[PDB]
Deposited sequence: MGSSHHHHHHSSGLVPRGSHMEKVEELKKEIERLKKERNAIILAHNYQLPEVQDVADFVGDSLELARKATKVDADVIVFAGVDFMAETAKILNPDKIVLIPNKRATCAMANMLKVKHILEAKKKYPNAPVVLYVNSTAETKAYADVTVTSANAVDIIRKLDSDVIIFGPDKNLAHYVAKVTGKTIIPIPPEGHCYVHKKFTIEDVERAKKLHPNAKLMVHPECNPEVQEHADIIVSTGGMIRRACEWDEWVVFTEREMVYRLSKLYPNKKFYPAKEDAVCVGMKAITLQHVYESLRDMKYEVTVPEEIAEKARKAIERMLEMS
């Protein structure tokens, strides 16, 4: 195609004009990798991000890795070409875990909030998690937010893995967000919203009516169809009750996300599009754990 070749020509030009370097993950599209200056795994990209002299970094990759590069580059401009379950981990979880196991290091999988990396000793990617967790002196380790990875490491190193957030708790109401609220208005515009008390306080604010499980099965008579911010069972239950209800979230996870294409990279260099920002207070704190991971890996 001539479209493709013209894009690459524009991308190469904008590189010099913006003074930009382009990093892409190994799982990105070939066309994106082609224009990328560096292509690698999560760790390689993290390490490459400490050695950038360009004023601008285009991070052709997933969000938390883009964020991780910005944390390594506070005085540069980090861009993610496209628009954007890691918000499960709260700082309180780390404090309660450090209270019971005070000599256990806090290890966070790279997919985590910067706010929580600020309370971690070291970060890991999937490929270095076992390597690093073995290396830590303690045989008791605090680890999150990825349960699967936590179980996996547990199984391979045999060490005592204390997961965060702790298991034995239901996190359904926490996985609702302000963006889930707005979607329930642009869509289902003629409808009022039910919100369980245990939801995000930000979510509680835009809540039309606020009811618990019993409050829902009673006040479900002030509209024809509702938008219920709770366990999905309660959608079928109100449905059977009053045949004259839509779940707050769709089945598909992170829908709306578009893969990063050659055009995305072009439009990002040209518009300085989608800039990754982290508060310096939290960034400079969270940065310690990331650099530690580079030291051990």
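- Note: segments 1-20, 105-108, 269-270 of the deposited sequence have no C-alpha coordinates in the structure.
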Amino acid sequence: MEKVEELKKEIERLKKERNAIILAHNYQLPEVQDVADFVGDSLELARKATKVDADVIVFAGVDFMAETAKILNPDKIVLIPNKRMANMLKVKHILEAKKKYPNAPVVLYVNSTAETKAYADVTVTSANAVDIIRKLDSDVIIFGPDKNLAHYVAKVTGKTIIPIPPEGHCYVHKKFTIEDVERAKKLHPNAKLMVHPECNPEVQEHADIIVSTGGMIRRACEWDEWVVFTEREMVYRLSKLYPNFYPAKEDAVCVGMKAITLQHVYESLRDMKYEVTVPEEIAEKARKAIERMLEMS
From here on, numbers count along this sequence of modelled residues.
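- Once the C-alpha B-factors are averaged per stretch, 254-262 and 232-240 rank with 232-240 first.
- A summary of the deposited B-factors shows that, of 10-18 and 270-278, the stretch with the larger mean C-alpha value is 10-18.
- Across the options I161, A104, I164, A207, the residue with the most elevated CA B-factor in the record is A207.
- Within the group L79, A97, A184, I141, the record's highest C-alpha temperature factor is found at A184.
- When the modelled residues of the chain are ordered by their C-alpha B factor, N73 lands in the middle third.
- Per-chain ranking of the deposited C-alpha B factor places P145 in the lowest third.
- Split the chain's modelled residues into thirds by C-alpha temperature factor. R218 is in the highest one.
- In the deposited entry, the Cα temperature factor of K83 sits in the middle third of values across the chain's modelled residues.
- Among all modelled residues in this chain, the alpha-carbon of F38 has a temperature factor (C-alpha) in the middle third.
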